[PDB]
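Residue numbers (PDB author numbering), protein chains in the order written: chain A, 89 to 206, 220 to 228; chain B, 1 to 97, 112 to 265; chain C, 34 to 47, 51 to 105, 149 to 253; chain D, 319 to 378, 407 to 424.
Where is the CB? At the ideal position from N, CA and C, for every residue including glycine.
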Amino acid sequence: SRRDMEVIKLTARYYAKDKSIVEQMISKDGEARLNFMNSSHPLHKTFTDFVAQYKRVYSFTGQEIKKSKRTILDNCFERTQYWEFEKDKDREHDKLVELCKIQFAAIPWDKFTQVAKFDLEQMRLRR
Amino acid sequence: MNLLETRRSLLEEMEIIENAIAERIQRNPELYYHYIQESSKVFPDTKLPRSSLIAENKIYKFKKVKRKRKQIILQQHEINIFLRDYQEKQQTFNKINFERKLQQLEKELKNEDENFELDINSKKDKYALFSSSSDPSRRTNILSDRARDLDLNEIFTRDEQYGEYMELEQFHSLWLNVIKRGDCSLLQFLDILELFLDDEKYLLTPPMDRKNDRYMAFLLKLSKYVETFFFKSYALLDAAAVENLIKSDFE
Amino acid sequence: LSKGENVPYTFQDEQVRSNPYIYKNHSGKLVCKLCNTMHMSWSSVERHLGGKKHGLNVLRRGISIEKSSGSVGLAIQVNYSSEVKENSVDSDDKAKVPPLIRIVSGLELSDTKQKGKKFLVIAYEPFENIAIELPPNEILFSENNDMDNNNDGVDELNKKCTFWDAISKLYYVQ
Amino acid sequence: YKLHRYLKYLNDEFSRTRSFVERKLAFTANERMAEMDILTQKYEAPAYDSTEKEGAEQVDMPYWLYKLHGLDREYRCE
Numbered sequence: 089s090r091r092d093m094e095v096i097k098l099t100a101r102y103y104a105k106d107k108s109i110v111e112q113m114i115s116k117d118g119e120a121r122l123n124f125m126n127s128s129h130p131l132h133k134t135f136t137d138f139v140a141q142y143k144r145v146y147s148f149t150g151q152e153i154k155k156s157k158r159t160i161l162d163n164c165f166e167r168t169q170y171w172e173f174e175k176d177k178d179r180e181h182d183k184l185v186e187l188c189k190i191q192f193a194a195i196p197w198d199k200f201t202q203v204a205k206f220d221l222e223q224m225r226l227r228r
Numbered sequence: 001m002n003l004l005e006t007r008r009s010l011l012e013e014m015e016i017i018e019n020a021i022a023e024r025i026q027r028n029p030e031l032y033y034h035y036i037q038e039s040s041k042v043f044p045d046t047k048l049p050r051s052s053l054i055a056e057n058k059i060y061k062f063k064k065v066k067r068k069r070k071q072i073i074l075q076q077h078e079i080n081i082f083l084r085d086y087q088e089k090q091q092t093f094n095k096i097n112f113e114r115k116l117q118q119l120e121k122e123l124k125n126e127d128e129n130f131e132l133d134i135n136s137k138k139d140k141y142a143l144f145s146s147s148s149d150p151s152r153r154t155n156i157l158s159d160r161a162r163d164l165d166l167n168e169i170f171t172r173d174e175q176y177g178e179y180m181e182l183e184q185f186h187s188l189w190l191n192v193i194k195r196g197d198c199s200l201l202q203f204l205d206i207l208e209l210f211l212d213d214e215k216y217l218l219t220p221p222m223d224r225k226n227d228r229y230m231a232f233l234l235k236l237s238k239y240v241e242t243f244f245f246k247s248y249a250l251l252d253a254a255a256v257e258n259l260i261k262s263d264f265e
Numbered sequence: 034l035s036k037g038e039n040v041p042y043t044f045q046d047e051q052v053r054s055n056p057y058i059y060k061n062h063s064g065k066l067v068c069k070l071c072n073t074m075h076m077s078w079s080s081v082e083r084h085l086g087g088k089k090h091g092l093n094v095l096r097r098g099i100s101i102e103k104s105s149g150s151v152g153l154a155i156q157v158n159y160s161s162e163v164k165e166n167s168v169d170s171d172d173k174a175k176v177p178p179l180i181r182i183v184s185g186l187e188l189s190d191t192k193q194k195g196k197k198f199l200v201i202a203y204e205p206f207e208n209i210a211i212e213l214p215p216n217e218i219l220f221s222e223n224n225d226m227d228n229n230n231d232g233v234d235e236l237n238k239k240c241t242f243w244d245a246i247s248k249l250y251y252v253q
Numbered sequence: 319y320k321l322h323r324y325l326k327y328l329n330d331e332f333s334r335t336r337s338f339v340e341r342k343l344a345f346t347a348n349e350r351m352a353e354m355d356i357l358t359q360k361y362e363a364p365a366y367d368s369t370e371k372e373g374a375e376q377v378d407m408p409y410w411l412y413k414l415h416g417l418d419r420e421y422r423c424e
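So this is what it looks like as C-alpha cells:
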C-alpha cells in the first residue's frame, strides 16, 4: 500500500498549501491514479485527515512548544477525564433508548383514530 | 526530505504518547493521584482533585478497581520513559520547525510498481508500541513493547517494597562503625535521623560533631541514598524541577 | 362497582368495552376470557384485573401478537400542548421519551369489519393515538440513507426518518 | 541540607518504616518468618496477575411450568 499512501500524502502535502495545483493536475494529466480526490473513493476521507494535519503544521510554524512535565501530566489527566465524561454520555443514551424500547413495546397499537390518508439531518440541528 | 512529513509524524507520535499515558491514568486514577499528592507538598501552588475522587479512586463517575503498589510504581516508571520520549520528540521538532515538482515526484512514485505487499504498520506499530499489555500473546504483562525490559526489582530492594519502606539497617551498621561503639540500637538510630526532620535540630543538636570526618562521610552516603530513594519512588515528578528548587532555596 | 358498564354476555356477537376481556357466560357468572377464570362478583373481578396472573396473560398475548400480523415522500407535522396540562406531571417518568411511530396492518381492529391497508400510527403517553392510511405499497422507503450507525432507538424507521422538536413540541415524520 | 529537605518530603515513608521496625521487633520467630515470607512474595510477584479485573467499574424461565407440564425431564427413545 506504500504507493497509495505516498500519493495520498504527497497530493495532500501540495493540497495543503494551494489547493490549486491539484485541481490543475487533474485536468492536465487525466490519470485514474488520483481517483481518491472525489469524496466517492473511500480513501478520500483519510485524505481529508492528512491535509488537515499538514494544515495544522502550518499553524505554529515559527512557534516552539515549551510544555513541561507537570503540564503534560495535567493534560493527560484532563483527557482521561474527558473520555470518562463521553463514556457517561454514551451510557445515558443507552439508558434512554432502553426506556423508549420498553414504552414502544408496551403501548396499544390498536387504539386507532385516523383522520386522513396520502433533508432532516441538516434540520435536526440548530440555527 | 519534506520537513512537513517529519514534523507531522512528530506531532502524531506526541499525540500517541499523550493518549497512552492518558489511557493509563484512566484505568487506574491512582497513578496520577498518588503522584499529584506528593507534588502538592513540594510545589505548594499545585491544585489537587477532590478528596472523594482520590478515595473512591474515580475520575468522573466510575470508581475504578484499586491496584497493588508494585503495578502503580511500574506504570509510573513506564510513563516516565514515555514522557522522556515525548520531551525528546518535542525537542527535535522545535529544532526542525511547484506543479512541475508535483508531477516530478508523482512520476518517480511509479518506481518499482511490482511491490506486492500489505502495509498496515505505521500508526498500528506505534499505537501498539505504546499500549497496555504489549508484550505477551494476549494478556500476561501490563508493560508495553516500548518498555518491555523494564524491571523494578533492579531499582528497588526487597526491604523497600517499591517505596513502602526505606532500608536503613545498613546505615545503622555503618553508624555503629562511625560511633565506635554499640550503645546504639536500630530504633535509637532512627531517633537520631528524626533530628533531620526539624529545621534546626540537625544543626544545633548534632549526633556527633559536625566537623568529624567519619560523620561527614556517613552523612554524605546517607543523604545520597535518601535522595535517590525519593526520586526513585516518585518517577512522575520532574526531578530537575525539584533539584533546582532546593538549590535555589539553599543559595 | 361496575361503574355502570354493560358487561356483555358471551354469546351476544359484538360500544367499546371499558376493558374488553370480561364477559358473562350462558349462566350469570363473570369470566375472564384470557385467563379462563370464573368470578363471583364485580369486587372479585377488580381483584383479578389488578392481579399478577391477568398481568401475565396480557404480556403473553402481547408477544403472541408481536410475532405475527428521486421520488415522492410524505411528511407529517404533529403539534402538541402549549404547557396547558403538562404542568401537573413532571416526575421524569418517560418524560424524556419522544413520540413513537409504527406501521400497523388493518388486519386487526376493535371492530374487525374491513381491512387491507396500512397505517402510520403515532403515539405519545398522554395524548391519543393517531393513524394515517397508506394505500401505496411503498413510498419514500429509502436505501441506506445514512452511513450505517447503530443506535436502534426503537427501530430503523424511527431513527431513519423522524424528528422531535421537544423545545416547541413538534413531531415531524418523513 | 538535601538530607534535610528530602527527609521532610518523605516524612510518611520514614514513619511507615519506623513503624515496621517496631512491629517486626515485637514479633516472635514464626511471626517474623511469615512476615518475611510476605515481603518476599510481594517482591517476586508479577505486576499483573492472570486473575485481574478489566471493566468492573462502579458508579458515583418457566421453571415449575416445565415440571408441571412434564417437560425438561430426561428420557430416551431407543
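Report task. Answer yes or no: does any C-beta atom of chain B fall closer than 8 Å to that of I160(A)? Result -> For the purposes of this step, residue 160(A) is identified with residue 72 of the first sequence, where counting begins at 1. With respect to chain B, the C-beta atom of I160(A) has a partner C-beta closer than 8 Å.
**Report entry** Residues of the segment 319 to 347 of chain D with Cβ closer than 8 Å to any Cβ of chain B, in chain order
**Finding:** Residues passing the 8 Å Cβ filter: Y319, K320, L321, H322, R323, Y324, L325, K326, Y327, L328, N329, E331, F332, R334, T335, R336, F338, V339, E340 and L343.
Query raised in the report: Of the residues that make up the segment 17 to 30 of chain B, which ones have a beta carbon closer than 7 Å to any beta carbon in chain A?
Result: Within the segment 17 to 30 of chain B, the residues whose Cβ lies closer than 7 Å to any Cβ of chain A are, in chain order, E18, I21, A22, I25 and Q26.
Requested in this report: Taking the CB atoms as reference points, tell me whether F198(C) and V176(C) lie closer together than 8 Å.
Outcome: In the third sequence, counting from the first residue as 1, residue 198(C) sits at position 119. In the third sequence, counting from the first residue as 1, residue 176(C) sits at position 97. Contact: no.
Requested in this report: Could you have a look at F130(B) and say whether DSSP puts it in helix, strand or coil?
Outcome: Position 116 of the second sequence, counted from the first residue, corresponds to residue 130(B). Of the three classes helix, strand and coil, the one that applies to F130(B) here is coil, per DSSP.
Query - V240(B) and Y324(D) closer than 8 Å at C-beta - result: Indexing the second sequence from 1 puts residue 240(B) at position 226. Indexing the fourth sequence from 1 puts residue 324(D) at position 6. If you check the CB distance, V240(B) and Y324(D) come in under 8 Å.
**Report entry** Per-residue burial, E180(A) [other beta carbons within 10 Å of its own, 16 or more giving buried]
**Finding:** On the first sequence, residue 180(A) is found 92 positions in, with the first residue counted as 1. It is exposed - the Cβ of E180(A) has fewer than 16 other Cβ atoms within 10 Å.
**Report entry** Three-state class that DSSP yields for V157(C) in the structure shown
**Finding:** Here residue 157(C) refers to the residue found at position 78 of the third sequence. Three-state result, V157(C): strand.
Query - Cβ of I96(A) within 8 Å of any chain B Cβ - result: Numbered from its first residue, the first sequence carries residue 96(A) at position 8. For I96(A), not one C-beta of chain B is nearer than 8 Å to its own C-beta.
Query - Residue from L204(B), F244(B) and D212(B) with nearest C-alpha to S333(D) - result: As a working mapping, residue 333(D) is identified with position 15 in the fourth sequence. For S333(D), the closest alpha carbon among the candidates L204(B), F244(B) and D212(B) is that of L204(B).
Requested in this report: Report all residues from its chain with a CB closer than 7 Å to the CB of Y103(A); omit the five preceding and five following residues, and keep chain order.
Outcome: Position 15 of the first sequence, counted from the first residue, corresponds to residue 103(A). Excluding its 5 nearest sequence neighbours in each direction, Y103(A) has C-beta neighbours in its own chain below 7 Å: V110 and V139, listed in chain order.
Query - Residue from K58(B), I54(B) and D165(B) whose Cα sits closest to the Cα of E172(A) - result: Position 84 of the first sequence, counted from the first residue, corresponds to residue 172(A). When each option's Cα is compared against that of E172(A), the closest is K58(B).
Query raised in the report: Who are the neighbours of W197(A) on chain C, taking C-beta pairs under 7 Å?
Result: One-based indexing of the first sequence puts residue 197(A) at position 109. Those within 7 Å of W197(A) in chain C are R181, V183 and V200.
Report task. Quick one: list the residues of chain D neighbouring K61(B), beta-carbon separation under 7 Å, in chain order. Result -> Here residue 61(B) is taken as the residue at index 61 of the second sequence, counted from 1. Taking the beta carbon of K61(B) as reference, the chain D residues within 7 Å of it are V377 and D378, listed in sequence order.
**Report entry** Close Cβ partners of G196(B) (< 8 Å) along its chain, the five nearest in sequence each way excluded
**Finding:** The residue you call residue 196(B) lines up with position 182 of the second sequence. Cβ contact annotation for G196(B) (same chain, cutoff 8 Å, sequence separation greater than five): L190, in chain order.
Query raised in the report: What residue range is occupied by the uninterrupted beta strand (DSSP E) comprising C68(C)?
Result: Here residue 68(C) refers to the residue found at position 32 when the third sequence is read from its first residue. In the DSSP assignment, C68(C) falls within the unbroken beta strand (DSSP E) covering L66 to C68.
Report task. Put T99(A) into one of helix, strand or coil per three-state DSSP. Result -> Taking the first residue of the first sequence as 1, we reach residue 99(A) at position 11. In the structure shown, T99(A) sits in a helix (DSSP, three-state: H, G or I).
**Report entry** Candidates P205(C), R83(C) and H90(C): closest to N166(C) by CA position
**Finding:** Counted from its first residue, the third sequence places residue 166(C) at position 87. Measuring from the Cα of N166(C), the nearest candidate turns out to be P205(C).
Query - For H132(A), the residue or residues it bridges with in DSSP - result: Here residue 132(A) corresponds to residue number 44 of the first sequence, with the count starting at 1. Residue pairing by DSSP places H132(A) in no beta bridge whatsoever.
Query raised in the report: CB-CB under 7 Å to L184(A), same chain, minus the five flanking residues each way: which ones, in chain order?
Result: Within the first sequence, residue 184(A) is the residue found at index 96, counting from 1. Excluding residues within five positions, none has a Cβ falling inside 7 Å.
Query - Residue-level contact to chain A via CB, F243(B), 8 Å cutoff - result: Residue numbering aside, residue 243(B) sits at position 229 when the second sequence is read from its first letter. Under the Cβ criterion of 8 Å, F243(B) is not counted among the residues facing chain A.
Query raised in the report: Quick one: what's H415(D) bridged to in DSSP?
Result: In the fourth sequence, residue 415(D) corresponds to position 69, counting from 1. Paired residue(s): none; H415(D) is not in a bridge.
Report task. Verify the contact flag: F130(B), CB atom, against every heavy atom of the ligand GTP, threshold strictly below 7 Å. Result -> Absent from the structure shown: the ligand GTP. Ligands present: none.
Requested in this report: Compare the Cα-Cα distances from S160(C) to each of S100(C), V252(C) and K248(C) and report the closest residue.
Outcome: Position 81 of the third sequence, counted from the start, is the residue given in the question as residue 160(C). Of the listed residues, the one whose Cα sits closest to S160(C) is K248(C).
Query - Length of the line joining the Cα atoms of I156(B) and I160(A) - result: Here residue 156(B) corresponds to residue number 142 of the second sequence, with the count starting at 1. Here residue 160(A) corresponds to residue number 72 of the first sequence, with the count starting at 1. Taking the straight line joining both Cα atoms gives about 22 Å.
Query - Extent of the continuous beta strand (DSSP E) to which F198(C) belongs - result: By 1-based counting over the third sequence, the position of residue 198(C) is 119. For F198(C), the enclosing beta strand (DSSP E) has its first and last residue at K197 to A202.
Query - Where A374(D) meets chain B, residues with beta-carbon distance less than 7 Å - result: Within the fourth sequence, residue 374(D) is the residue found at index 56, counting from 1. The contacting residues are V65.
Query raised in the report: Which term fits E174(B), buried or exposed, when burial requires 16 or more other beta carbons within 10 angstroms of its beta carbon?
Result: Looking up residue 174(B) in the second sequence gives position 160. Buried is the label assigned to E174(B), since at least 16 other Cβ atoms lie within 10 Å of its Cβ.
Query raised in the report: Looking only at DSSP bridge pairs, what is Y250(C) linked to?
Result: Your numbering for residue 250(C) matches position 171 in the third sequence. Under DSSP, the beta-bridge partners assigned to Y250(C) are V157(C) and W243(C).
Requested in this report: Grab the span of the alpha helix (DSSP H) containing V203(A) for me, first residue to last.
Outcome: As a working note, residue 203(A) is residue 115 in the first sequence. For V203(A), no alpha helix (DSSP H) segment is defined, and its DSSP state is neither H nor E.
**Report entry** Euclidean distance between Cα positions of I16(B) and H90(C)
**Finding:** Indexing the second sequence from 1 puts residue 16(B) at position 16. Indexing the third sequence from 1 puts residue 90(C) at position 54. Cα to Cα, the separation comes out at about 59 Å.
Report task. Within the same chain, show all residues whose beta-carbon is closer than 6 Å to that of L48(B), passing over the 5 residues directly before and after it, in chain order. Result -> Translated into the one-based positions of the second sequence, residue 48(B) becomes position 48. So the qualifying residues of the chain are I36 and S40.
Query raised in the report: Beta carbon of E120(B), beta carbon of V95(A): below 8 Å?
Result: As a working mapping, residue 120(B) is identified with position 106 in the second sequence. As a working mapping, residue 95(A) is identified with position 7 in the first sequence. Contact: yes.
Query raised in the report: Using the C-alpha atoms, what's the distance from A193(A) back to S189(C)?
Result: Working through the third sequence from its first residue, we reach residue 189(C) at position 110. Working through the first sequence from its first residue, we reach residue 193(A) at position 105. When rounded, the separation of the alpha-carbon atoms in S189(C) and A193(A) is 19 Å.
Query raised in the report: Buried or exposed: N28(B), going by 16 or more other Cβ atoms within 10 Å of its Cβ?
Result: In the second sequence, the residue the question calls residue 28(B) occupies position 28. Flag for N28(B) reads buried.
Query - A174(C) burial status per 10 Å Cβ neighbour count (16 or more: buried) - result: The sequence position of residue 174(C) within the third sequence is 95, counting from 1. Its Cβ having fewer than 16 others within 10 Å, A174(C) is exposed.
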